[PDB]
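These notes are about the structure you will find just below.
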Amino acid sequence: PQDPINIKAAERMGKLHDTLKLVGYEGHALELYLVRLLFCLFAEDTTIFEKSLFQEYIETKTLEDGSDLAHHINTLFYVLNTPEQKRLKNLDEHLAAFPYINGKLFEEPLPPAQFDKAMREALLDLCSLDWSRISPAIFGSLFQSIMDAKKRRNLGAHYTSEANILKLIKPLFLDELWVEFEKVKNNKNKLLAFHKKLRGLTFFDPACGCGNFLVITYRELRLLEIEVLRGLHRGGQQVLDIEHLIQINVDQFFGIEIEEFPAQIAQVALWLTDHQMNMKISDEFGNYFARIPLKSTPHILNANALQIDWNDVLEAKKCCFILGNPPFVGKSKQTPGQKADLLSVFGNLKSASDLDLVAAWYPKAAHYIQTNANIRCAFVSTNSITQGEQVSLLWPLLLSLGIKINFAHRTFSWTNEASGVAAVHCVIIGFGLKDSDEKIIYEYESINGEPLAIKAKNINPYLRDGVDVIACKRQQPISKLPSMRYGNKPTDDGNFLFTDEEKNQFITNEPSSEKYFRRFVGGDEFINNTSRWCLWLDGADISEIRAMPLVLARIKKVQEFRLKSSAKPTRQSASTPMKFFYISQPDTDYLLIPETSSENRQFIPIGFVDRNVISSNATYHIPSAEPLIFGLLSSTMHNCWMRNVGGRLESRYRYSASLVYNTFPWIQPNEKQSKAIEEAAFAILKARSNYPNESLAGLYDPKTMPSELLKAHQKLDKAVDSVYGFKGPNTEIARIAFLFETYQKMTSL
DNA sequence: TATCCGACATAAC
DNA sequence: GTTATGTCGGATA
Ligand SMILES: Nc1ncnc2c1ncn2[C@@H]1O[C@H](C[C@@H](N)CC[C@H](N)C(=O)O)[C@@H](O)[C@H]1O
Ligand SMILES: [Ca+2]
């Protein structure tokens, strides 16, 4: 038998596409030419064509140099559209063996292409594999393999695993369809009504890619529909009559896709799955049943789902489910076209440009279903739209429109079976206009593991079981606390930064420069006790900088890099090329908080730093911080706050003054409570000192953390918890919920 | 001025 | 290539 296809076959087929593209067979013809070939490869390996008829024809009626191949394929494409009654009586016997196929797939005449030896062999190469068991992974890898890395990233062109679609469609509709099936399966009447209900269901993916959500869904429906016909069978031991019993078909699936090639795959993907299932039902009940020629057609539109009215694809009143995996694009990574798309959907809302592109599909869906509250929706999305600065900008608008979250998958790692897996963490948000009396939140122990369904009273805009209050960005703290500041941002392409060895090479080469070096600490250098230096030129005497060539060359390298920038303020900054782009350095010693750091720690390692070391923008800091405040930011309570209202990078903690610290509710303490927290603070500090040559990473890894440090932190929480009057169960659940009662009491005043 | 963020970036097994 | 865990500067206000 022939080797079944794997991912390497789709990738090879993709190279055929780009090989054809490079000789000028471009555009619409190219996309449909290839998807036609795909159908032929599947067809000869099933019973649509006689076994291997396509391959044999190419091998016997086509020249080895590939010179004539495209002529014969062009006539083949015409035959497959010509019913047998309209074929020339003298048509080549070998060509006459091919069935009439028709359908939107073969109706358009196409310019003939041109092949050579290697393109012919590549296509015969594809023929020799078995296309019989073609799956989402194949359709997705093919879709992905024709795209530049920059394109793949920017359209979010990442196909969705079988597994990730199943976590989305099982709660959305599928599981309930199996419960309902099992309850009526023994009543011929109710089973008949159940079939008609299955036939009338429509599925709508407004960013459908290569169609996997539609393909998996249609396959599950076909599988269900087999057991339904098994049920209904009133002929006992006679062969079940499929053609007049079957109903479900591709005309129930609808999709929008901006690139034509995935929009063409999605269509053929649905027909191949159709035939795959027709063969499977033909096996169960032993009688041959195929839907050839292609009389039913999906409704995939090639368009821009953010610029059109979805009702042109599918009238809302005739629609049932909206599902899919829309593209993820950060606020500062999106092209002028997609920012404008984003802003069209959100109108004149404040800071709406700060949303991920994926957020755009939510108000669209929310406006679309306003005319039919029976629709239920679910979207994969980057977990970022449930964290930090975006929660305030997306969920006020969604809640105001009636949108209610009915189930949700919390953060998990992305993956699929194709090349170049993207590195992003995800959520799944099921929503609609009807509250559900049984909301489930699926939780993950291993970010890579399988989920566990947990009952939920309510589902937060953060996807938590709690109240619907959102923590908003603030420029100053709601509590009585000293202001916090952002570290200095260099924008220097590294020209002002050095390793110790570099600082030594540079000093010997330019000894007059020692006066201008100062210690440089980012988050990574501080957490890990690594040494780094910067040239600190804020307020340098120009008579001293003229003397020094090596420095002058750095200042010129900063300026040249800064002019090449694309952000006008950066270009502007090129004309002060010896000063950091943003400067915040204090005059007093300060408390440093790293910006981005491992979620595996129970506390964010913070600490005190000398006023002469320059802190990078990968950190925050409080100038002249009394020990009490170091206790407060060390506390479980603060870190629980940071964990819940802060943002994340994939999943690492990301601190930010305006989201965490400034919204942090904190009651001012007595003199005894204040002295207590100070005493624990010094106990933590001392506990750290007693371990030379341990970096803060080594000390705050909770595996390797010394018990003497854990105790001082336990001493500290007790003092801070006392200031709150917090007596509750000492869990992240009870602490989060209690801080939000405090936050709301303050935000109500 | 003043950032939050990254279908990530990249040094380390 | 996996695994572990934080840079750097854009875009916007
Ligand atoms: N404005 C847009 N309108 C319509 N489609 C878009 C738009 N932006 C990106 N896309 C497409 O969104 C898709 C995102 C993918 N994650 C979908 C893949 C698809 N779920 C699959 O399983 O294969 C890409 O295929 C894009 O071409
Ligand atoms: Ca074959």
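Residue numbering restarts at 1 for every chain, and letters A, B, ... go by the order of the sequence lines.
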Practice task
Please give the nucleotide sitting opposite B:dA7 as a Watson-Crick or G-U wobble pair, both distances under 3.5 Å, or none.
Solution key: none

Fill in the blank from the handout: Of B:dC5, C:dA13, B:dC8, the nucleotide closest to the side chain of A:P569 is C:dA13

Exercise for the section: Please tell me which of the listed nucleotides, C:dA13, C:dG10, B:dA9, lies nearest to the side chain of A:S353? Expected result: C:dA13

Fill in the blank from the handout: Looking only at B:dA2, B:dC4, C:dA11, the nucleotide nearest the A:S656 side chain is B:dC4

Handout entry: Base-pairing assignment for C:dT7 (Watson-Crick or G-U wobble, both under 3.5 Å)
Key = none

Exercise for the section: Examine B:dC8 and say whether its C1'-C2'-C3'-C4' torsion places the sugar north (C3'-endo side) or south (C2'-endo side). Expected result: south

Exercise for the section: May I ask you to evaluate whether A:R485 reaches the phosphate of B:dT1, defined as a side-chain N or O under 4.0 Å from OP1 or OP2? Expected result: no

Problem - Nearest-Å distance once atom P is located in both B:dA7 and C:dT5 - result: 22 Å

Exercise for the section: Rounded to the nearest angstrom, tell me the gap between atom CZ in A:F581 and atom P in C:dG10. Expected result: 8 Å

Handout entry: Minimum-distance nucleotide (side-chain atoms of A:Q390 versus C:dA13, C:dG10, B:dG6)
Key = B:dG6

Handout entry: Ring-ring centroid check A:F496 A:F520, cutoff 6.0 Å
Key = no

Exercise for the section: Taking only the side-chain heavy atoms of A:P490 (C-beta and beyond), determine which of C:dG9, B:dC5, C:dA13 contains the nearest atom. Expected result: C:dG9

Practice task
Return the nearest nucleotide to the side chain of A:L649; candidates are C:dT5, B:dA7, B:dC8.
Solution key: B:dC8

Practice task
Determine: side-chain N/O of A:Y486 to OP1/OP2 of B:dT3, distance under 4.0 Å, yes or no.
Solution key: no

Exercise for the section: Taking the six-membered ring for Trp and the single ring otherwise, decide whether the centroids of A:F517 and A:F498 are under 6.0 Å apart. Expected result: yes

Exercise for the section: Determine the contact category for A:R648: base if any of its heavy atoms lies under 4.0 Å from a base atom, sugar-phosphate if only primed atoms, P, OP1 or OP2 are that close, otherwise nothing. Expected result: sugar-phosphate

Practice task
Please determine if a side-chain N or O atom of A:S565 lies less than 4.0 Å away from the OP1 or OP2 oxygen of C:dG9.
Solution key: no

Exercise for the section: Taking only the side-chain nitrogens and oxygens of A:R654, find out if one of them lies under 4.0 Å from OP1 or OP2 of B:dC5. Expected result: yes

Problem - Centroid-centroid distance, A:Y743 to A:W641, less than 6.0 Å - result: yes

Handout entry: Short side-chain N/O contact from A:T382 to OP1 or OP2 of B:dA7, under 4.0 Å
Key = no

Exercise for the section: Could you tell me the separation between the CG atom of A:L659 and the P atom of B:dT3, rounded to a whole number of Å? Expected result: 11 Å

Handout entry: Short side-chain N/O contact to B:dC5 OP1/OP2 from A:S384, under 4.0 Å
Key = no

Practice task
Using whole Å, report how far OH of A:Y620 lies from P of C:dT7.
Solution key: 12 Å

Problem - Cationic N near anionic O, under 4.0 Å, A:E732 to A:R643 - result: yes

Handout entry: Options B:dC8, C:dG10, C:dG6, nucleotide nearest the side-chain atoms of A:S597
Key = C:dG6

Practice task
Run the salt-bridge test on A:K564 and A:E560 with the 4.0 Å N-O cut-off and return the result as yes or no.
Solution key: no

Practice task
Tell me whether the OP1 or OP2 atom of B:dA9 has a side-chain N or O from A:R153 closer than 4.0 Å.
Solution key: yes

Exercise for the section: Would you kindly give the CD-to-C1' distance between A:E650 and C:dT3, to the nearest whole Å? Expected result: 12 Å

Handout entry: Spacing of the P atoms in B:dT10 and C:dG10 (rounded, Å)
Key = 15 Å

Exercise for the section: Can you tell me, in whole Å, how much space there is between the P of C:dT7 and that of B:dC5? Expected result: 15 Å

Handout entry: Most 5' of A:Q572 and A:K333 on DNA chain B, judged by nearest nucleotide
Key = A:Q572

Exercise for the section: Identify whether any heavy atom of A:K568 sits under 4.0 Å from a base atom; if not, whether one sits that close to sugar-phosphate; answer base, sugar-phosphate or nothing. Expected result: nothing

Fill in the blank from the handout: Between A:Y582 and A:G388, whichever has its closest DNA chain B nucleotide further toward 5' is A:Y582

Exercise for the section: Test for a donor-acceptor pair under 3.5 Å between the base of B:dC5 and the side chain of A:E595, counting only N and O atoms. Expected result: yes

Handout entry: Base B:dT3 to side chain A:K489, donor-acceptor N/O within 3.5 Å cut-off
Key = yes

Practice task
Could you tell me how the ring of A:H409 sits relative to the ring of A:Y444: parallel (under 30°), tilted (30 to 60°) or perpendicular (over 60°)?
Solution key: tilted

Practice task
Answer whether the closest heavy-atom distance between the side chains of A:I385 and A:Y362 falls below 4.5 Å.
Solution key: yes

Handout entry: Rounded distance in Å between the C1' positions of B:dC8 and B:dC4
Key = 14 Å

Exercise for the section: Please state how far atom CG in A:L357 lies from atom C1' in B:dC5, giving the value in whole angstrom units. Expected result: 15 Å

Handout entry: Polar contact flag, side-chain donor to acceptor under 3.5 angstrom, A:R562-A:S573
Key = yes

Practice task
Return yes if the base of B:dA7 and the side-chain atoms of A:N325 contain a donor-acceptor N/O pair under 3.5 Å, otherwise no.
Solution key: yes

Practice task
Scan A:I583 against the nucleic acid and name what it touches under 4.0 Å (heavy atoms): base, sugar-phosphate only, or nothing.
Solution key: sugar-phosphate

Problem - hbond_proxy A:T596 side chain to C:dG6 base (donor-acceptor, 3.5 Å cutoff) - result: no

Exercise for the section: Output yes when at least one side-chain N/O atom of A:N617 is less than 4.0 Å from OP1 or OP2 of C:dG9, else no. Expected result: no

Problem - A:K350 side-chain proximity, nearest of B:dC5, C:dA13, B:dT1 - result: C:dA13

Exercise for the section: Please report, rounded to the nearest Å, how far the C1' atom of C:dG9 is from the CD atom of A:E560. Expected result: 18 Å

Exercise for the section: Would you indicate what A:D354 reaches in the nucleic acid, counting non-hydrogen atoms under 4.0 angstrom: base, sugar-phosphate, or nothing? Expected result: nothing

Exercise for the section: Report the distance from atom CG of A:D701 to atom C1' of C:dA4, rounded to the nearest whole Å. Expected result: 11 Å

Handout entry: Protein-nucleotide distance (A:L563, atom CG; C:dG9, atom P), rounded to Å
Key = 15 Å

Handout entry: Among B:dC8, B:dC4, C:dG6, the nucleotide that comes nearest once only the side chain of A:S658 is considered
Key = B:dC4

Practice task
In whole angstrom, give me the gap between the P atoms of C:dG9 and B:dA11.
Solution key: 15 Å

Problem - Check: A:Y486 ring centre within less than 6.0 Å of A:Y620 ring centre - result: yes

Practice task
Check every atom of C:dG6, C:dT12, C:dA11 against the side chain of A:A567 and return the nucleotide holding the closest atom.
Solution key: C:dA11

